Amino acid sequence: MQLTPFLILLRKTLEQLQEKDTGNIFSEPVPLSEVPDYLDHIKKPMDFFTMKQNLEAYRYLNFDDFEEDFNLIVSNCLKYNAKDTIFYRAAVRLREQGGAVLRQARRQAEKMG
């Protein structure tokens, strides 16, 4: 830990995004055991555990890169699932609530060098 304000802002933001996912639907990768066709449709799977792993290998260099991976969690879920599903509805709610989180977090990242 050589802690930096930007990396700390990303950690905090990631925690706030995960609090919005109250069902833990997006906490871990979509399980290929349960969803065998998932990678026929989804080129770049993403989830909050993969984001946490990326964060702590310093792969997020700016706020936009981090935001892009969050947006993949949502877009993959809307692409794969039918509208009338728990997963689709959850992704729409996460889009709304997560968007509010990232809007706030971006303002901080803008004050930051």
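Rigid core (definition): largest C-alpha set, two forms, superposition within 1.5 Å. Heads up: residue numbers just count along the shown sequence, starting at 1.
Trainee: Once the rigid core is lined up, would you tell me whether 45-53 or 26-34 has the higher RMS CA deviation in 8 other deposited structures of this protein?
Mentor: If we average over structures and residues in 8 other deposited structures of this protein, the farther stretch is 26-34.
Trainee: Can you tell me which stretch has the higher mean Cα B-factor, 49-57 or 69-77?
Mentor: Going by the record's values, the stretch with the higher mean is 49-57.
Trainee: If you average the CA temperature factors over each stretch, which comes out higher, 84-92 or 35-43?
Mentor: Going by the record's values, the stretch with the higher mean is 35-43.
Trainee: Sorting the chain's CA B-factors, does residue 104 end up in the lowest, middle or highest third?
Mentor: It belongs to the highest third of the chain when residues are ordered by C-alpha B-factor.
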